[PDB]
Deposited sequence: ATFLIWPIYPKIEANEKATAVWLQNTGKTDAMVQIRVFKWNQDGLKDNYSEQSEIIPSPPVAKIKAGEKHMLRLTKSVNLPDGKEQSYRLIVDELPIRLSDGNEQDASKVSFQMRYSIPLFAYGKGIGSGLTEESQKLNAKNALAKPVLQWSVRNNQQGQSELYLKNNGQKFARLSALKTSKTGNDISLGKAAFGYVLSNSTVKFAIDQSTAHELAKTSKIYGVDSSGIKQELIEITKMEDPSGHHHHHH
């Protein structure tokens, strides 16, 4: 079964009560889809996910037959705190001697309280124009646990950073890294730079070269 799901970077603006994600089967076989939405935080310097009722997906399960197009409604049950970007993960499970494969899409989802937006629309860009911290503000530090080396990234801004390439010239085997707003995360590294790291952020409308200074 050929499954098409978009958008894969959805968001709910401050003045929107819900957004939509499309589920479309272009194959010739039917598929079953389960939809869940988890709250996403980086407490404990790592990605944690939890059950939540703030964003309710409708429907929670759907049969997507050949040629069908269903809407997945993501609706806010309550209003979010002013000036805050809430992070979530949309999880949709696609089910069309042998070993067969079924799909699972982990999709980033962001919802916005008053006075802050995604920045991918003109209206949300104006909202963030009136907000100084409506961007990622990143700091790094390297402290080495039991007993390897780990890179720490801190975000002091009110919006997330989606980082792709780091270093100063690149860490293969790292497609992306998320540093959520008002959060700190750590990674697995080696080598020495002992300054400020150079990175690329894909959070906004275009790939911006973002500078991240060392914590000291």
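Which parts of the deposited sequence have no C-alpha atoms in the model?
-> Deposited residues absent from the model fall in 97 to 107, 156, 182 to 187, 213 to 218, 241 to 250.
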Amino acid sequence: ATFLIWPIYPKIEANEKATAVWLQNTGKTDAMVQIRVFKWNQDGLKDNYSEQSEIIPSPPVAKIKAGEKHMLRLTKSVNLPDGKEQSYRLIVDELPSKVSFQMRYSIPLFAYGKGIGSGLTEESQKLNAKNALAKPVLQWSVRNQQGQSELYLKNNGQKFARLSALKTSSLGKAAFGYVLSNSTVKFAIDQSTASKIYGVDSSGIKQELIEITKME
From here on, numbers count along this sequence of modelled residues.
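Does residue 176, which is modelled here, drop out in at least a third of the other compared PDB entries?
-> Comparison shows residue 176 dropped in at least a third of the other entries.
Say whether residue 52, which has coordinates in the shown structure, is without coordinates in a third or more of the other compared entries.
-> No; none of the other entries leave residue 52 out.
Averaging only over Cα atoms, indicate whether 58 to 66 or 145 to 153 has the higher B-factor in the PDB entry.
-> Higher of the two, by average CA B-factor, is 145 to 153.
With reference to the PDB entry, specify whether the mean Cα temperature factor is higher for 73 to 81 or for 103 to 111.
-> Per the deposited B-factors, the answer is 73 to 81.
From 39, 162, 36, 167, residue of greatest CA B-factor | Among 39, 162, 36, 167, the PDB entry lists the largest C-alpha B-factor for 167.
Residue 23 CA temperature factor, ranked by third within the chain = Lowest third of the chain for residue 23's C-alpha B-factor.
Residue 116's Cα B-factor: lowest, middle or highest third of the chain?
-> Middle third of the chain for residue 116's C-alpha B-factor.
Compared with the other modelled residues in the chain, in which third is the CA B-factor of residue 194?
-> It belongs to the highest third of the chain when residues are ordered by C-alpha B-factor.
Compared with the other modelled residues in the chain, in which third is the CA B-factor of residue 206?
-> Answer is highest: the recorded C-alpha B-factor places it there.
When the modelled residues of the chain are sorted by Cα temperature factor, does residue 131 land in the lowest, middle or highest third?
-> As the PDB entry reports it, the C-alpha B-factor of residue 131 lands in the middle third of its chain.
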